[PDB]
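Report on one structure; see the data block that follows.
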2 protein chains.
Amino acid sequence: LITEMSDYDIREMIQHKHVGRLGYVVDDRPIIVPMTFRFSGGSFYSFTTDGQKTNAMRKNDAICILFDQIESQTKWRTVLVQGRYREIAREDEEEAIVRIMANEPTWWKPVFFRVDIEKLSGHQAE
Amino acid sequence: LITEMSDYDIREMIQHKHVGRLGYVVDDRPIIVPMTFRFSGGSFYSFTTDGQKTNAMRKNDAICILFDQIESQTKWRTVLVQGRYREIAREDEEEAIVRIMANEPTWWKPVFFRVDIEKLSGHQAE
Ligand SMILES: [Cl-]
Ligand SMILES: [Cl-]
Ligand SMILES: [Cl-]
Ligand SMILES: [Cl-]
């Protein structure tokens, strides 16, 4: 049985699950890469030192992030964020860095970016 | 430090990591969904009962699968499969089911499919 996750459980997942899997499109083909994200002010913040990822997402800014907690084949939770790559300007990197780090529970030339949310969905199976 | 994974470690991962994250494209936007796969005869076999996934991949058969083993921010292994959705015909479902199940280590209307490999890459960080 697959049901919709409550907003509370979606929120717990996207506040507390550091690692997400980022999807982007190159030449009409999907690529997935694990990244660590911080949800702050309704967007997800991250960075990459991989110029190929940066370039890909500049040319096609339609991206997603999967967060999931998979216990078994029949016990799992998934949250999909669909949105847009928005690259952080040099002038705004210190803001991005503080948003990323400020009051995080866990312990920790990049190009910083955020993911603005166009659709957020969450489901679970018990 | 990010290096290329050996073929042996790539092989260990794609033989033994049941859960992968599937990427596909709808209307130029990426979607990611966790699925369980079996690598057999150079392709990855799976199935879905979700008609929306099936329909999406029929219209754009360019897909990928990420397998990963993430220990920390700096200790991880990733294998990306880029390939094509190839839907299994009714006549071939029993073959698909046996390939999926036959001599698997672990314990376990669908539409069966396989993912034929066009690029396989694997990297790790220590
Ligand atoms: Cl990252
Ligand atoms: Cl910002
Ligand atoms: Cl599955
Ligand atoms: Cl087949």
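Here's how to read the names in the structure tokens: chain A, B, ... by the order shown, residue numbers from 1 in each chain, ligand numbers from 1 in the order shown.
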Please, which residues of chain B lie no more than 9 Å from chain A when the count uses only C-alpha atoms, and can they be set out as a PyMOL selection string? chain B and resi 19+21-25+28-36+60-66+68+70+73+78+80+82-83+108
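Using only C-alpha atoms and all ligand atoms, residues with at least one atom at most 9 Å away from any atom of ligand 4 are residues 43, 45, 86, 87, 88, 89, 92, 93, 95, 96, 99, 112, 113 and 114 of chain B.
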Take chain B, lay it over chain A with a least-squares fit on all the Cα atoms in order, then hand it over as an mmCIF file with C-alpha atoms, in the first residue's frame.
```
data_model
loop_
_atom_site.group_PDB
_atom_site.id
_atom_site.type_symbol
_atom_site.label_atom_id
_atom_site.label_comp_id
_atom_site.auth_asym_id
_atom_site.auth_seq_id
_atom_site.Cartn_x
_atom_site.Cartn_y
_atom_site.Cartn_z
ATOM 1 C CA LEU B 1 0.000 0.000 0.000
ATOM 2 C CA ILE B 2 1.360 3.360 -1.228
ATOM 3 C CA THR B 3 -0.090 6.506 0.429
ATOM 4 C CA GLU B 4 0.729 10.222 0.483
ATOM 5 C CA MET B 5 3.114 11.290 3.233
ATOM 6 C CA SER B 6 1.881 13.882 5.720
ATOM 7 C CA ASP B 7 3.396 17.365 5.423
ATOM 8 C CA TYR B 8 5.049 16.803 8.812
ATOM 9 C CA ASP B 9 6.873 13.649 7.571
ATOM 10 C CA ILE B 10 7.802 15.322 4.303
ATOM 11 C CA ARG B 11 9.189 18.229 6.340
ATOM 12 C CA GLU B 12 11.119 15.938 8.716
ATOM 13 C CA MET B 13 12.697 14.254 5.659
ATOM 14 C CA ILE B 14 13.763 17.437 3.831
ATOM 15 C CA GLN B 15 14.993 19.196 6.959
ATOM 16 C CA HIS B 16 16.953 16.115 8.226
ATOM 17 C CA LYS B 17 18.007 14.070 5.158
ATOM 18 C CA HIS B 18 21.312 15.703 4.146
ATOM 19 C CA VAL B 19 21.990 13.455 1.097
ATOM 20 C CA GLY B 20 19.652 13.734 -1.856
ATOM 21 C CA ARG B 21 20.016 12.456 -5.417
ATOM 22 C CA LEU B 22 20.073 15.227 -7.976
ATOM 23 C CA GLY B 23 18.704 14.705 -11.479
ATOM 24 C CA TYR B 24 19.476 16.832 -14.489
ATOM 25 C CA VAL B 25 19.233 16.554 -18.232
ATOM 26 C CA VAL B 26 22.053 16.572 -20.812
ATOM 27 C CA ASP B 27 21.207 16.183 -24.498
ATOM 28 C CA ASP B 28 17.789 14.783 -23.602
ATOM 29 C CA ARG B 29 19.322 12.059 -21.313
ATOM 30 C CA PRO B 30 18.898 12.000 -17.493
ATOM 31 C CA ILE B 31 21.905 11.953 -15.074
ATOM 32 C CA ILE B 32 21.691 11.334 -11.361
ATOM 33 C CA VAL B 33 24.308 12.324 -8.803
ATOM 34 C CA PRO B 34 24.198 12.193 -4.983
ATOM 35 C CA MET B 35 24.691 15.608 -3.324
ATOM 36 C CA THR B 36 24.244 17.030 0.105
ATOM 37 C CA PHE B 37 21.573 19.711 0.408
ATOM 38 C CA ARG B 38 20.314 22.226 2.955
ATOM 39 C CA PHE B 39 16.668 23.229 2.846
ATOM 40 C CA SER B 40 16.457 26.909 3.818
ATOM 41 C CA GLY B 41 13.795 29.575 3.043
ATOM 42 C CA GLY B 42 11.913 27.214 0.766
ATOM 43 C CA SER B 43 14.835 26.294 -1.488
ATOM 44 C CA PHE B 44 17.526 23.667 -1.382
ATOM 45 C CA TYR B 45 21.104 24.914 -1.271
ATOM 46 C CA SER B 46 24.175 23.087 -2.370
ATOM 47 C CA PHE B 47 27.409 23.474 -4.344
ATOM 48 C CA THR B 48 29.604 21.619 -6.815
ATOM 49 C CA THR B 49 33.221 21.850 -7.918
ATOM 50 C CA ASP B 50 32.291 19.823 -11.026
ATOM 51 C CA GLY B 51 32.206 22.280 -13.985
ATOM 52 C CA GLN B 52 30.402 19.662 -16.113
ATOM 53 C CA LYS B 53 27.447 19.600 -13.715
ATOM 54 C CA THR B 54 27.417 23.383 -13.528
ATOM 55 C CA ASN B 55 27.494 23.684 -17.317
ATOM 56 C CA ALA B 56 24.828 21.063 -17.809
ATOM 57 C CA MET B 57 22.445 22.798 -15.426
ATOM 58 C CA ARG B 58 23.080 26.237 -16.924
ATOM 59 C CA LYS B 59 21.960 24.915 -20.316
ATOM 60 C CA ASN B 60 18.965 23.004 -18.883
ATOM 61 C CA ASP B 61 17.838 24.256 -15.496
ATOM 62 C CA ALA B 62 15.015 21.739 -15.116
ATOM 63 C CA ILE B 63 16.160 19.534 -12.212
ATOM 64 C CA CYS B 64 14.867 17.338 -9.415
ATOM 65 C CA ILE B 65 15.991 15.922 -6.126
ATOM 66 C CA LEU B 66 14.992 12.602 -4.634
ATOM 67 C CA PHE B 67 15.112 12.102 -0.850
ATOM 68 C CA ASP B 68 14.247 8.657 0.382
ATOM 69 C CA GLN B 69 14.268 6.392 3.323
ATOM 70 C CA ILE B 70 14.062 2.788 2.188
ATOM 71 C CA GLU B 71 13.754 0.151 4.950
ATOM 72 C CA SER B 72 12.589 -2.657 2.676
ATOM 73 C CA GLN B 73 10.898 -3.463 -0.654
ATOM 74 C CA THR B 74 7.549 -2.653 1.041
ATOM 75 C CA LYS B 75 8.588 -0.133 3.759
ATOM 76 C CA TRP B 76 9.830 3.161 2.351
ATOM 77 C CA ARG B 77 9.383 6.919 2.080
ATOM 78 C CA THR B 78 10.210 9.061 -0.958
ATOM 79 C CA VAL B 79 10.129 12.837 -1.416
ATOM 80 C CA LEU B 80 10.644 14.271 -4.918
ATOM 81 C CA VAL B 81 11.454 17.921 -5.437
ATOM 82 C CA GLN B 82 11.020 19.217 -8.987
ATOM 83 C CA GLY B 83 12.384 22.641 -9.701
ATOM 84 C CA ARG B 84 14.966 24.883 -11.236
ATOM 85 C CA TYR B 85 18.697 25.350 -10.957
ATOM 86 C CA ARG B 86 19.443 28.846 -9.798
ATOM 87 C CA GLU B 87 23.174 29.546 -9.612
ATOM 88 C CA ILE B 88 24.441 31.701 -6.802
ATOM 89 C CA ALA B 89 26.342 34.877 -7.799
ATOM 90 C CA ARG B 90 29.804 35.544 -6.282
ATOM 91 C CA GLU B 91 28.287 38.434 -4.277
ATOM 92 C CA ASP B 92 25.764 36.056 -2.738
ATOM 93 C CA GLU B 93 28.125 33.136 -1.837
ATOM 94 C CA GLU B 94 28.602 34.192 1.800
ATOM 95 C CA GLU B 95 24.802 34.232 2.190
ATOM 96 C CA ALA B 96 24.593 30.826 0.611
ATOM 97 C CA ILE B 97 27.338 29.446 2.870
ATOM 98 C CA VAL B 98 25.639 30.743 6.089
ATOM 99 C CA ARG B 99 22.229 29.349 4.944
ATOM 100 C CA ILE B 100 23.860 26.042 4.264
ATOM 101 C CA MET B 101 25.635 25.848 7.634
ATOM 102 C CA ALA B 102 23.635 27.897 10.134
ATOM 103 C CA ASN B 103 22.129 25.751 12.895
ATOM 104 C CA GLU B 104 22.536 22.399 11.112
ATOM 105 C CA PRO B 105 22.284 19.379 13.594
ATOM 106 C CA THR B 106 25.084 17.290 11.915
ATOM 107 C CA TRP B 107 28.821 17.909 11.207
ATOM 108 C CA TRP B 108 30.444 19.004 7.895
ATOM 109 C CA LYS B 109 36.455 26.637 -6.444
ATOM 110 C CA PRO B 110 32.871 25.619 -5.680
ATOM 111 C CA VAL B 111 29.956 27.019 -7.573
ATOM 112 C CA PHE B 112 26.994 27.405 -5.197
ATOM 113 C CA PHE B 113 23.460 26.899 -6.316
ATOM 114 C CA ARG B 114 19.967 26.585 -5.098
ATOM 115 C CA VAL B 115 17.014 24.552 -6.230
ATOM 116 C CA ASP B 116 13.757 26.479 -6.272
ATOM 117 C CA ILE B 117 10.726 24.290 -5.835
ATOM 118 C CA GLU B 118 8.035 23.970 -8.443
ATOM 119 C CA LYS B 119 6.535 20.679 -7.211
ATOM 120 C CA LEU B 120 7.065 18.778 -4.007
ATOM 121 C CA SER B 121 5.595 15.340 -3.529
ATOM 122 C CA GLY B 122 5.994 12.658 -0.963
ATOM 123 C CA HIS B 123 4.738 9.111 -0.635
ATOM 124 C CA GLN B 124 5.242 6.121 1.588
ATOM 125 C CA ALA B 125 4.595 2.384 1.616
ATOM 126 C CA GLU B 126 3.824 0.253 4.647
#
```
When DSSP works through the backbone of this structure, what residues of chain A end up as helix (DSSP H, G or I), shown as a VMD selection string? chain A and resid 7 to 16 51 to 59 90 to 101
As a PyMOL selection string, please: all residues of range 6-65 of chain A that backbone DSSP puts in strand (DSSP E or B). chain A and resi 19-26+29-36+38-40+43-48+62-65
Please produce a file of the residues just selected, as a PDB file, in the first residue's frame, where the atoms kept are N, CA and C atoms.
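Okay, this is what ended up in selection.pdb:
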```pdb
ATOM      1  N   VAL A  19      21.686  13.993   2.440  1.00  0.00           N
ATOM      2  CA  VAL A  19      21.990  13.455   1.097  1.00  0.00           C
ATOM      3  C   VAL A  19      20.713  13.303   0.277  1.00  0.00           C
ATOM      4  N   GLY A  20      20.698  13.929  -0.876  1.00  0.00           N
ATOM      5  CA  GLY A  20      19.652  13.734  -1.856  1.00  0.00           C
ATOM      6  C   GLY A  20      20.310  13.290  -3.171  1.00  0.00           C
ATOM      7  N   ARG A  21      19.504  12.821  -4.106  1.00  0.00           N
ATOM      8  CA  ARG A  21      20.016  12.456  -5.417  1.00  0.00           C
ATOM      9  C   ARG A  21      19.465  13.426  -6.429  1.00  0.00           C
ATOM     10  N   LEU A  22      20.385  14.162  -7.059  1.00  0.00           N
ATOM     11  CA  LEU A  22      20.073  15.227  -7.976  1.00  0.00           C
ATOM     12  C   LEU A  22      19.953  14.636  -9.383  1.00  0.00           C
ATOM     13  N   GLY A  23      18.929  15.071 -10.099  1.00  0.00           N
ATOM     14  CA  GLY A  23      18.704  14.705 -11.479  1.00  0.00           C
ATOM     15  C   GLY A  23      18.784  15.934 -12.358  1.00  0.00           C
ATOM     16  N   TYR A  24      19.467  15.795 -13.487  1.00  0.00           N
ATOM     17  CA  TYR A  24      19.476  16.832 -14.489  1.00  0.00           C
ATOM     18  C   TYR A  24      19.537  16.206 -15.852  1.00  0.00           C
ATOM     19  N   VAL A  25      19.358  17.035 -16.874  1.00  0.00           N
ATOM     20  CA  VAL A  25      19.233  16.554 -18.232  1.00  0.00           C
ATOM     21  C   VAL A  25      20.361  17.108 -19.106  1.00  0.00           C
ATOM     22  N   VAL A  26      21.025  16.210 -19.829  1.00  0.00           N
ATOM     23  CA  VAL A  26      22.053  16.572 -20.812  1.00  0.00           C
ATOM     24  C   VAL A  26      21.698  15.915 -22.127  1.00  0.00           C
ATOM     25  N   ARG A  29      19.055  13.248 -22.146  1.00  0.00           N
ATOM     26  CA  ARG A  29      19.322  12.059 -21.313  1.00  0.00           C
ATOM     27  C   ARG A  29      19.415  12.504 -19.853  1.00  0.00           C
ATOM     28  N   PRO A  30      18.816  11.730 -18.932  1.00  0.00           N
ATOM     29  CA  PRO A  30      18.898  12.000 -17.493  1.00  0.00           C
ATOM     30  C   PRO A  30      20.231  11.518 -16.843  1.00  0.00           C
ATOM     31  N   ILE A  31      20.732  12.300 -15.884  1.00  0.00           N
ATOM     32  CA  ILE A  31      21.905  11.953 -15.074  1.00  0.00           C
ATOM     33  C   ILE A  31      21.508  12.134 -13.641  1.00  0.00           C
ATOM     34  N   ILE A  32      21.975  11.240 -12.789  1.00  0.00           N
ATOM     35  CA  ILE A  32      21.691  11.334 -11.361  1.00  0.00           C
ATOM     36  C   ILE A  32      23.015  11.353 -10.617  1.00  0.00           C
ATOM     37  N   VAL A  33      23.102  12.229  -9.610  1.00  0.00           N
ATOM     38  CA  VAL A  33      24.308  12.324  -8.803  1.00  0.00           C
ATOM     39  C   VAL A  33      23.900  12.590  -7.338  1.00  0.00           C
ATOM     40  N   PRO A  34      24.511  11.872  -6.394  1.00  0.00           N
ATOM     41  CA  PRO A  34      24.198  12.193  -4.983  1.00  0.00           C
ATOM     42  C   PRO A  34      24.868  13.503  -4.580  1.00  0.00           C
ATOM     43  N   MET A  35      24.161  14.308  -3.808  1.00  0.00           N
ATOM     44  CA  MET A  35      24.691  15.608  -3.324  1.00  0.00           C
ATOM     45  C   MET A  35      24.150  15.806  -1.934  1.00  0.00           C
ATOM     46  N   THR A  36      24.815  16.640  -1.163  1.00  0.00           N
ATOM     47  CA  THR A  36      24.244  17.030   0.105  1.00  0.00           C
ATOM     48  C   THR A  36      23.564  18.388  -0.032  1.00  0.00           C
ATOM     49  N   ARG A  38      20.982  21.608   1.819  1.00  0.00           N
ATOM     50  CA  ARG A  38      20.314  22.226   2.955  1.00  0.00           C
ATOM     51  C   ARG A  38      19.066  22.912   2.482  1.00  0.00           C
ATOM     52  N   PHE A  39      17.939  22.577   3.098  1.00  0.00           N
ATOM     53  CA  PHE A  39      16.668  23.229   2.846  1.00  0.00           C
ATOM     54  C   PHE A  39      16.641  24.495   3.720  1.00  0.00           C
ATOM     55  N   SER A  40      16.448  25.642   3.116  1.00  0.00           N
ATOM     56  CA  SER A  40      16.457  26.909   3.818  1.00  0.00           C
ATOM     57  C   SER A  40      15.604  27.903   3.008  1.00  0.00           C
ATOM     58  N   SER A  43      14.018  26.816  -0.414  1.00  0.00           N
ATOM     59  CA  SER A  43      14.835  26.294  -1.488  1.00  0.00           C
ATOM     60  C   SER A  43      15.865  25.330  -0.940  1.00  0.00           C
ATOM     61  N   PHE A  44      16.489  24.568  -1.818  1.00  0.00           N
ATOM     62  CA  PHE A  44      17.526  23.667  -1.382  1.00  0.00           C
ATOM     63  C   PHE A  44      18.843  24.229  -1.864  1.00  0.00           C
ATOM     64  N   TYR A  45      19.789  24.376  -0.954  1.00  0.00           N
ATOM     65  CA  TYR A  45      21.104  24.914  -1.271  1.00  0.00           C
ATOM     66  C   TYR A  45      22.169  23.838  -1.313  1.00  0.00           C
ATOM     67  N   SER A  46      23.064  23.968  -2.284  1.00  0.00           N
ATOM     68  CA  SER A  46      24.175  23.087  -2.370  1.00  0.00           C
ATOM     69  C   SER A  46      25.308  23.777  -3.156  1.00  0.00           C
ATOM     70  N   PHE A  47      26.333  23.009  -3.468  1.00  0.00           N
ATOM     71  CA  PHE A  47      27.409  23.474  -4.344  1.00  0.00           C
ATOM     72  C   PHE A  47      28.053  22.298  -5.082  1.00  0.00           C
ATOM     73  N   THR A  48      28.783  22.605  -6.145  1.00  0.00           N
ATOM     74  CA  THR A  48      29.604  21.619  -6.815  1.00  0.00           C
ATOM     75  C   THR A  48      30.900  22.260  -7.297  1.00  0.00           C
ATOM     76  N   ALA A  62      16.055  22.628 -15.640  1.00  0.00           N
ATOM     77  CA  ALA A  62      15.015  21.739 -15.116  1.00  0.00           C
ATOM     78  C   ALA A  62      15.651  20.558 -14.380  1.00  0.00           C
ATOM     79  N   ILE A  63      15.492  20.528 -13.055  1.00  0.00           N
ATOM     80  CA  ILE A  63      16.160  19.534 -12.212  1.00  0.00           C
ATOM     81  C   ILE A  63      15.221  18.990 -11.139  1.00  0.00           C
ATOM     82  N   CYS A  64      15.633  17.904 -10.508  1.00  0.00           N
ATOM     83  CA  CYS A  64      14.867  17.338  -9.415  1.00  0.00           C
ATOM     84  C   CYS A  64      15.809  16.851  -8.338  1.00  0.00           C
ATOM     85  N   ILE A  65      15.252  16.573  -7.177  1.00  0.00           N
ATOM     86  CA  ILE A  65      15.991  15.922  -6.126  1.00  0.00           C
ATOM     87  C   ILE A  65      15.114  14.863  -5.510  1.00  0.00           C
TER      88      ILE A  65
END
```
